[PDB]
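> Got a structure for you, questions after.
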Amino acid sequence: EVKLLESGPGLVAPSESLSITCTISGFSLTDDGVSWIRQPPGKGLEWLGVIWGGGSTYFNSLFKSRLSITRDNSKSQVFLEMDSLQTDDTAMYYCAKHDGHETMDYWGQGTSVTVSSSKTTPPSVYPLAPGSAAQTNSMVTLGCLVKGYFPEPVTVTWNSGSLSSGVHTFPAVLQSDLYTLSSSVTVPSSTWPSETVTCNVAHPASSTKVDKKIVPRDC
Amino acid sequence: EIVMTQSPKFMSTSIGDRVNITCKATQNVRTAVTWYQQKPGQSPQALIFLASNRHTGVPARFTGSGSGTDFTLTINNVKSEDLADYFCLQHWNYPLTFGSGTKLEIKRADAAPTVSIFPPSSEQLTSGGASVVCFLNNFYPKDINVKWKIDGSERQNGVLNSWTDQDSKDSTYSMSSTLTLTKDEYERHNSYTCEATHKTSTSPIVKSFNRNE
Ligand SMILES: *[C@@H]1O[C@H](CO[C@H]2O[C@H](C)[C@@H](O)[C@@H](O)[C@@H]2O)[C@@H](O[C@@H]2O[C@H](CO)[C@@H](O)[C@H](O)[C@H]2NC(C)=O)[C@H](O)[C@H]1NC(C)=O
């Protein structure tokens, strides 16, 4: 029942400040440290700093000059501010509980920060329905192509989460400054299209959600 | 400041084996080492705290050991759910520093890919785009080649690939290959083909469609 949840901007322009809120439950900020750690694309984790139970803070010397960590005891929130973002501040940003003044025992969900001048672009979501009844297999595979968005990430589910077995959601690829990913689901053939399948794509940066139903093709 | 080196970037093993992931500190009079598991696309979980103590709800087959510089996370009786990246945190001195991590790879039987090809949706076409998508699902080992052919002739241009991490249930990988063309190129040709070459057969798995059919 210890939980930590980052909420941050998703996208931050070069030189602007980042701020992220870490909302915690199941312990008292008063009793435990909360560290901020980050993970840039394909690099080790990097500890940014901590605010201990009694209020004192230490920072990684690397970030000292532009970091600040505060909290609001009454809301159970720890806040991170990091100034002068440059593109290499792009990373997944995590807050994490300490065991009192010791071990980092629990980690939040992480929030993705992309440092960039460009626009937020929502994805176009395209249904992938099999080409003209390419035989009965007893399984059918369906998909969503999620194209043309920025920044990362998008979230994909199927029927709002009821369909989770036999799903593959692939990592996104970056082409011409926009991301694209695809997701597949495989359901028994007897059950589609009679029992409907819809992929639900959330793009938090742009507060957009598209729920795309996969219908058999007209062709 | 203290560096935690994990010299194996990738560690390979079989279901039910024992694996040691090691972490060698640059300094210390410490048992100030914590071990974490991070499964693909989610957040880290403490396994072992103070070198050799088990975090609540961590199953008994995870153990830690070591003093000073060298530390060892032992996983007995490896399960497929153990597919993850494992790393140490040094908390003796500031700044707290992390090992760069060892991704556990699970060895399993060869499995052939399930291949499915999808033409451009008509929504995509009405927008001036045409992506052809091919899924190659649930195969092992990871090594795989996808060839795209248009009217029988190889296209390498505008093909973008992406692989999942190893599945935590069946230890397989999957791959998505998307051939992106413009509507204008797409409509000038009939036959589109995904070919998957995997060690599981000397024959390619071939999925195609005709745009005109
Ligand atoms: C992986 O490590 C384990 C345990 O590691 C402890 O003991 C060894 C000797 C030492 O180098 C440190 O790594 C640790 O202090 C190895 O030992 C066996 O495994 C169990 C745990 O599964 C230990 O508790 C036992 O002492 C030992 N078995 C005995 C005495 O019967 C193990 O050898 C090693 N495996 C490999 C493949 O390196």
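Ligands are numbered from 1 in the order shown, residues from 1 within each chain, and chains are lettered A, B, ... in the order they appear in the structure tokens.
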Step by step, measure atom-to-atom distances between ligand 1 and each residue using only C-alpha atoms and all ligand atoms, keep those at most 10 Å, then write them as a CSV table (one decimal) with N, CA and C atoms, in the first residue's frame.


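part_29.csv, written as the output of this step:
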```csv
chain,number,residue,atom,x,y,z
B,17,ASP,N,17.3,-22.6,-13.5
B,17,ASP,CA,18.8,-22.6,-13.2
B,17,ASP,C,19.1,-21.6,-12.1
B,18,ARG,N,20.3,-21.4,-11.8
B,18,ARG,CA,20.8,-20.4,-10.8
B,18,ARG,C,21.6,-19.4,-11.6
B,19,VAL,N,21.4,-18.1,-11.3
B,19,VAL,CA,22.2,-17.0,-12.0
B,19,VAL,C,22.6,-16.1,-10.9
B,20,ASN,N,23.8,-15.6,-11.0
B,20,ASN,CA,24.4,-14.6,-10.2
B,20,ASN,C,24.7,-13.4,-11.1
B,21,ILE,N,24.1,-12.2,-10.7
B,21,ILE,CA,24.4,-11.0,-11.3
B,21,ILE,C,25.3,-10.2,-10.3
B,22,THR,N,26.4,-9.7,-10.8
B,22,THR,CA,27.4,-9.2,-9.9
B,22,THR,C,27.5,-7.7,-10.0
B,52,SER,N,22.3,-8.3,1.9
B,52,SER,CA,21.8,-9.6,2.2
B,52,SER,C,20.5,-9.8,2.9
B,61,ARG,N,13.8,-17.5,-3.2
B,61,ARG,CA,14.9,-17.9,-4.2
B,61,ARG,C,15.8,-16.7,-4.6
B,62,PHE,N,15.4,-15.5,-4.3
B,62,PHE,CA,16.3,-14.3,-4.4
B,62,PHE,C,17.1,-14.1,-3.2
B,63,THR,N,18.4,-14.1,-3.3
B,63,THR,CA,19.3,-13.8,-2.1
B,63,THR,C,20.5,-12.9,-2.5
B,64,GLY,N,21.0,-12.2,-1.5
B,64,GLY,CA,22.1,-11.3,-1.8
B,64,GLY,C,23.3,-11.6,-0.9
B,65,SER,N,24.5,-11.2,-1.3
B,65,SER,CA,25.6,-11.5,-0.5
B,65,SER,C,26.8,-10.6,-0.9
B,66,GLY,N,27.7,-10.3,0.0
B,66,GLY,CA,28.9,-9.6,-0.3
B,66,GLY,C,29.2,-8.5,0.7
B,67,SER,N,30.5,-8.1,0.7
B,67,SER,CA,31.0,-7.0,1.5
B,67,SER,C,32.0,-6.1,0.7
B,70,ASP,N,32.6,-6.1,-3.9
B,70,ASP,CA,31.8,-7.0,-4.7
B,70,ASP,C,30.5,-7.5,-4.1
B,71,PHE,N,29.5,-7.5,-4.9
B,71,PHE,CA,28.1,-7.9,-4.4
B,71,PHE,C,27.4,-8.8,-5.4
B,72,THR,N,26.7,-9.7,-4.9
B,72,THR,CA,26.1,-10.8,-5.8
B,72,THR,C,24.6,-11.0,-5.5
B,73,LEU,N,23.8,-10.7,-6.5
B,73,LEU,CA,22.4,-11.1,-6.5
B,73,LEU,C,22.3,-12.5,-7.1
B,74,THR,N,21.9,-13.4,-6.3
B,74,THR,CA,21.6,-14.8,-6.7
B,74,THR,C,20.1,-15.0,-7.0
B,75,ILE,N,19.8,-15.5,-8.2
B,75,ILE,CA,18.4,-16.0,-8.5
B,75,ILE,C,18.5,-17.5,-8.6
B,76,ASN,N,18.0,-18.2,-7.6
B,76,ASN,CA,17.8,-19.7,-7.8
B,76,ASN,C,16.5,-20.0,-8.5
B,77,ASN,N,16.4,-21.1,-9.2
B,77,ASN,CA,15.2,-21.6,-9.8
B,77,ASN,C,14.5,-20.5,-10.6
```

> Show me which bits of chain B are within 8 Å of chain A, counting only C-alpha atoms, as a ChimeraX atom specification.

/B:34,42-46,49-50,91,94-101,116-121,123-124,135,160-164,174-176,209,213

> Go ahead and write the residues just picked, C-alpha atoms, as an mmCIF file, in the first residue's frame.


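The result, stored in part.cif:
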```
data_model
loop_
_atom_site.group_PDB
_atom_site.id
_atom_site.type_symbol
_atom_site.label_atom_id
_atom_site.label_comp_id
_atom_site.auth_asym_id
_atom_site.auth_seq_id
_atom_site.Cartn_x
_atom_site.Cartn_y
_atom_site.Cartn_z
ATOM 1 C CA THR B 34 20.395 -2.416 -2.662
ATOM 2 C CA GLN B 42 7.650 -0.564 -15.694
ATOM 3 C CA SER B 43 9.165 0.601 -12.487
ATOM 4 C CA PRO B 44 11.941 -0.971 -10.326
ATOM 5 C CA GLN B 45 11.241 -3.236 -7.358
ATOM 6 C CA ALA B 46 13.603 -3.633 -4.422
ATOM 7 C CA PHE B 49 18.385 -4.388 0.947
ATOM 8 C CA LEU B 50 21.638 -3.935 2.999
ATOM 9 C CA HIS B 91 23.996 4.232 -0.745
ATOM 10 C CA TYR B 94 26.706 10.973 -1.946
ATOM 11 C CA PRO B 95 25.771 10.942 -4.751
ATOM 12 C CA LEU B 96 23.826 7.651 -4.638
ATOM 13 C CA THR B 97 24.964 5.740 -7.714
ATOM 14 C CA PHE B 98 23.529 2.875 -9.750
ATOM 15 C CA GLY B 99 24.945 -0.048 -11.667
ATOM 16 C CA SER B 100 24.097 0.239 -15.408
ATOM 17 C CA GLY B 101 22.392 -3.132 -15.195
ATOM 18 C CA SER B 116 0.398 -11.478 -40.533
ATOM 19 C CA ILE B 117 0.416 -8.741 -43.073
ATOM 20 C CA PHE B 118 -2.013 -5.760 -43.185
ATOM 21 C CA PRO B 119 -2.688 -3.466 -46.099
ATOM 22 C CA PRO B 120 -3.055 0.384 -45.606
ATOM 23 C CA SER B 121 -6.351 1.178 -43.828
ATOM 24 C CA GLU B 123 -8.494 5.919 -43.309
ATOM 25 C CA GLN B 124 -4.784 6.128 -43.896
ATOM 26 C CA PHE B 135 3.742 -8.655 -37.353
ATOM 27 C CA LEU B 160 11.020 0.482 -40.000
ATOM 28 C CA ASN B 161 11.382 -2.340 -37.462
ATOM 29 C CA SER B 162 10.760 -2.748 -33.806
ATOM 30 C CA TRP B 163 11.194 -5.666 -31.399
ATOM 31 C CA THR B 164 9.550 -6.345 -28.107
ATOM 32 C CA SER B 174 7.992 -10.488 -31.441
ATOM 33 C CA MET B 175 8.703 -7.947 -34.170
ATOM 34 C CA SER B 176 6.809 -5.367 -36.140
ATOM 35 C CA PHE B 209 -1.590 -9.414 -50.582
ATOM 36 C CA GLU B 213 -8.009 -8.126 -54.892
#
```

> Quick one: distance from CA of residue 97 (chain A) to CA of residue 6 (chain B) in Å, one decimal?

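Spanning CA of residue 97 (chain A) to CA of residue 6 (chain B) is a straight-line distance of 24.1 Å.
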
> Applying 7 Å and only C-alpha atoms, which residues near residue 128 (chain B) remain after dropping the ones on its own chain fewer than 3 positions away? List them as a VMD selection string.

chain B and resid 124 to 125 182 to 183

> DSSP on the backbone, then: every residue of region 62-195 of chain B marked strand (DSSP E or B), written as a ChimeraX atom specification.

/B:62-67,70-75,85-90,97-98,102-107,111,114-118,129-140,145-150,153-155,159-163,173-182,191-195

> Residues near residue 10 (chain B), anyone? I mean within 7 Å using only C-alpha atoms, not counting same-chain ones fewer than 3 positions away, as a PyMOL selection string.

chain B and resi 102-105

> List the spatial neighbours of residue 100 (chain A) as an MDAnalysis selection string - criterion: any atom at most 10 Å away, only C-alpha atoms, same-chain residues fewer than 4 positions off excluded.

chainID A and resid 28:34 52:53 104:105

> Kindly export the residues of the current selection with N, CA, C and O atoms, as a short mmCIF file (atom, residue, chain, number, x, y, z; two decimals), in the first residue's frame.


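Contents of out-v5.cif, freshly written:
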```cif
data_model
loop_
_atom_site.label_atom_id
_atom_site.label_comp_id
_atom_site.auth_asym_id
_atom_site.auth_seq_id
_atom_site.Cartn_x
_atom_site.Cartn_y
_atom_site.Cartn_z
N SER A 28 4.30 8.69 5.49
CA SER A 28 4.32 10.12 5.77
C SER A 28 5.64 10.69 5.31
O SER A 28 6.69 10.16 5.62
N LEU A 29 5.60 11.73 4.50
CA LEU A 29 6.83 12.36 4.03
C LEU A 29 7.78 12.66 5.20
O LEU A 29 9.00 12.54 5.08
N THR A 30 7.19 13.12 6.29
CA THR A 30 7.80 13.32 7.61
C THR A 30 8.68 12.18 8.15
O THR A 30 9.64 12.41 8.88
N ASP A 31 8.35 10.96 7.78
CA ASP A 31 9.06 9.81 8.29
C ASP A 31 10.10 9.28 7.33
O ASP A 31 10.96 8.52 7.74
N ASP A 32 10.02 9.64 6.05
CA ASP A 32 10.82 8.98 5.02
C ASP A 32 11.35 9.95 3.96
O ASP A 32 10.68 10.92 3.61
N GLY A 33 12.56 9.71 3.48
CA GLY A 33 13.05 10.41 2.32
C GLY A 33 12.28 10.08 1.05
O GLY A 33 11.61 9.04 0.94
N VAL A 34 12.37 10.99 0.09
CA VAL A 34 11.88 10.74 -1.26
C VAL A 34 12.98 11.26 -2.17
O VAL A 34 13.33 12.43 -2.11
N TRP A 52 14.99 14.18 2.69
CA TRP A 52 14.73 13.39 3.88
C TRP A 52 13.50 13.77 4.75
O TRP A 52 12.92 14.85 4.61
N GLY A 53 13.11 12.85 5.64
CA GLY A 53 11.99 13.03 6.57
C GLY A 53 11.98 14.36 7.32
O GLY A 53 10.95 15.04 7.36
N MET A 104 16.21 2.90 -0.63
CA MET A 104 15.15 3.33 -1.51
C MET A 104 14.28 2.11 -1.72
O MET A 104 14.66 1.24 -2.52
N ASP A 105 13.18 2.01 -0.97
CA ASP A 105 12.33 0.80 -0.96
C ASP A 105 11.26 0.70 -2.07
O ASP A 105 10.87 -0.41 -2.43
#
```

> May I ask which of the residues A:133, A:24, A:113, A:199 is the closest one to residue 2 (chain A), counting only C-alpha atoms?

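For residue 2 (chain A), the nearest of the given residues is A:24.
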
> What's around residue 9 (chain A) at 10 Å? Count only C-alpha atoms, leave out sequence neighbours fewer than 5 positions away in its own chain, and write the answer as a list in words.

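Counting only C-alpha atoms, the residues come to residues 18, 19, 20, 21, 111, 112, 113, 114, 204 and 205 of chain A.
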
> What does the distance between CA of residue 129 (chain B) and CA of residue 184 (chain B) come to in Å, to one decimal place?

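Straight-line distance from CA of residue 129 (chain B) to CA of residue 184 (chain B) works out to 8.3 Å.
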
> Could you give me the residues within region 21-209 of chain A that DSSP places in helix (DSSP H, G or I), as a PyMOL selection string?

chain A and resi 29-31+87-89+159-161+189-191+204-206

> Mind writing the picked residues with N, CA, C and O atoms as a short mmCIF file (atom, residue, chain, number, x, y, z; two decimals), in the first residue's frame?


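Saved file out_17.cif follows:
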```
data_model
loop_
_atom_site.label_atom_id
_atom_site.label_comp_id
_atom_site.auth_asym_id
_atom_site.auth_seq_id
_atom_site.Cartn_x
_atom_site.Cartn_y
_atom_site.Cartn_z
N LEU A 29 5.60 11.73 4.50
CA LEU A 29 6.83 12.36 4.03
C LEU A 29 7.78 12.66 5.20
O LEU A 29 9.00 12.54 5.08
N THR A 30 7.19 13.12 6.29
CA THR A 30 7.80 13.32 7.61
C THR A 30 8.68 12.18 8.15
O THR A 30 9.64 12.41 8.88
N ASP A 31 8.35 10.96 7.78
CA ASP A 31 9.06 9.81 8.29
C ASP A 31 10.10 9.28 7.33
O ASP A 31 10.96 8.52 7.74
N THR A 87 18.38 19.22 -24.36
CA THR A 87 17.79 18.01 -24.91
C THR A 87 18.25 16.73 -24.20
O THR A 87 17.48 15.76 -24.11
N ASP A 88 19.46 16.75 -23.67
CA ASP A 88 20.02 15.61 -22.93
C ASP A 88 19.45 15.49 -21.50
O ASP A 88 19.87 14.60 -20.75
N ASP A 89 18.53 16.38 -21.13
CA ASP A 89 17.71 16.15 -19.95
C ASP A 89 16.47 15.30 -20.26
O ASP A 89 15.66 15.06 -19.37
N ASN A 159 -10.14 -3.19 -26.00
CA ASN A 159 -11.38 -3.07 -25.29
C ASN A 159 -11.13 -2.51 -23.89
O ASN A 159 -11.49 -3.15 -22.88
N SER A 160 -10.46 -1.36 -23.83
CA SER A 160 -10.36 -0.59 -22.58
C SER A 160 -9.67 -1.46 -21.52
O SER A 160 -9.82 -1.22 -20.32
N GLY A 161 -8.98 -2.51 -21.94
CA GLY A 161 -8.21 -3.30 -21.00
C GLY A 161 -8.68 -4.71 -20.78
O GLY A 161 -7.93 -5.49 -20.21
N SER A 189 -10.91 -16.66 -34.00
CA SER A 189 -11.70 -16.30 -35.21
C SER A 189 -13.20 -16.36 -35.09
O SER A 189 -13.87 -15.52 -35.69
N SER A 190 -13.73 -17.37 -34.39
CA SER A 190 -15.19 -17.44 -34.14
C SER A 190 -15.77 -16.16 -33.48
O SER A 190 -16.93 -15.85 -33.64
N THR A 191 -14.92 -15.36 -32.83
CA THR A 191 -15.36 -14.33 -31.93
C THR A 191 -15.19 -12.96 -32.51
O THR A 191 -15.70 -12.00 -31.97
N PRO A 204 -0.91 11.14 -23.68
CA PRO A 204 -1.10 12.16 -22.58
C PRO A 204 -0.61 13.54 -22.98
O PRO A 204 -1.31 14.53 -22.70
N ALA A 205 0.53 13.66 -23.66
CA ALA A 205 1.09 14.99 -23.97
C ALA A 205 0.07 15.87 -24.62
O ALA A 205 0.09 17.09 -24.45
N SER A 206 -0.80 15.27 -25.42
CA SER A 206 -1.77 16.05 -26.13
C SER A 206 -3.18 15.84 -25.56
O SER A 206 -4.12 16.25 -26.22
#
```

> Determine, counting only C-alpha atoms, which protein, DNA and RNA residues have an atom within 9 Å of an atom of residue 138 (chain B); residues of the same chain fewer than 6 positions away are not included. Present the result as a list in words.

residues 111, 112, 113, 114, 167, 170, 171, 172, 173, 174 and 175 of chain B

> Write out, as a PDB file, in the first residue's frame, the residues just selected, with N, CA, C and O atoms.


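Result written to part.pdb:
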```
ATOM      1  N   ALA B 111      11.286 -21.289 -31.660  1.00  0.00           N
ATOM      2  CA  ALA B 111       9.863 -21.236 -32.084  1.00  0.00           C
ATOM      3  C   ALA B 111       9.817 -20.327 -33.309  1.00  0.00           C
ATOM      4  O   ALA B 111      10.557 -19.306 -33.366  1.00  0.00           O
ATOM      5  N   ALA B 112       9.003 -20.731 -34.292  1.00  0.00           N
ATOM      6  CA  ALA B 112       8.821 -19.977 -35.507  1.00  0.00           C
ATOM      7  C   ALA B 112       7.829 -18.831 -35.298  1.00  0.00           C
ATOM      8  O   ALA B 112       6.913 -18.912 -34.460  1.00  0.00           O
ATOM      9  N   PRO B 113       7.991 -17.779 -36.103  1.00  0.00           N
ATOM     10  CA  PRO B 113       7.124 -16.620 -35.983  1.00  0.00           C
ATOM     11  C   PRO B 113       5.743 -16.867 -36.562  1.00  0.00           C
ATOM     12  O   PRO B 113       5.610 -17.651 -37.481  1.00  0.00           O
ATOM     13  N   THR B 114       4.721 -16.248 -35.962  1.00  0.00           N
ATOM     14  CA  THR B 114       3.395 -16.174 -36.587  1.00  0.00           C
ATOM     15  C   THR B 114       3.352 -14.841 -37.309  1.00  0.00           C
ATOM     16  O   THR B 114       3.539 -13.778 -36.683  1.00  0.00           O
ATOM     17  N   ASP B 167       9.049 -12.058 -23.873  1.00  0.00           N
ATOM     18  CA  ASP B 167       7.789 -12.286 -23.138  1.00  0.00           C
ATOM     19  C   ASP B 167       8.013 -13.014 -21.816  1.00  0.00           C
ATOM     20  O   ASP B 167       8.724 -14.016 -21.752  1.00  0.00           O
ATOM     21  N   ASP B 170       6.096 -16.847 -22.164  1.00  0.00           N
ATOM     22  CA  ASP B 170       6.587 -17.874 -23.088  1.00  0.00           C
ATOM     23  C   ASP B 170       8.022 -17.645 -23.576  1.00  0.00           C
ATOM     24  O   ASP B 170       8.514 -18.410 -24.417  1.00  0.00           O
ATOM     25  N   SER B 171       8.683 -16.595 -23.058  1.00  0.00           N
ATOM     26  CA  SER B 171      10.103 -16.286 -23.352  1.00  0.00           C
ATOM     27  C   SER B 171      10.435 -16.013 -24.846  1.00  0.00           C
ATOM     28  O   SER B 171      11.617 -15.960 -25.269  1.00  0.00           O
ATOM     29  N   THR B 172       9.387 -15.789 -25.633  1.00  0.00           N
ATOM     30  CA  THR B 172       9.528 -15.442 -27.025  1.00  0.00           C
ATOM     31  C   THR B 172       9.688 -13.932 -27.238  1.00  0.00           C
ATOM     32  O   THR B 172       9.422 -13.138 -26.364  1.00  0.00           O
ATOM     33  N   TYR B 173      10.110 -13.572 -28.447  1.00  0.00           N
ATOM     34  CA  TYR B 173      10.180 -12.225 -28.910  1.00  0.00           C
ATOM     35  C   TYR B 173       9.120 -12.044 -29.981  1.00  0.00           C
ATOM     36  O   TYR B 173       8.607 -13.029 -30.549  1.00  0.00           O
ATOM     37  N   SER B 174       8.806 -10.790 -30.285  1.00  0.00           N
ATOM     38  CA  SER B 174       7.992 -10.488 -31.441  1.00  0.00           C
ATOM     39  C   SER B 174       8.540  -9.243 -32.103  1.00  0.00           C
ATOM     40  O   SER B 174       9.296  -8.477 -31.484  1.00  0.00           O
ATOM     41  N   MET B 175       8.153  -9.038 -33.352  1.00  0.00           N
ATOM     42  CA  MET B 175       8.703  -7.947 -34.170  1.00  0.00           C
ATOM     43  C   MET B 175       7.645  -7.338 -35.061  1.00  0.00           C
ATOM     44  O   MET B 175       6.763  -8.033 -35.536  1.00  0.00           O
TER      45      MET B 175
END
```
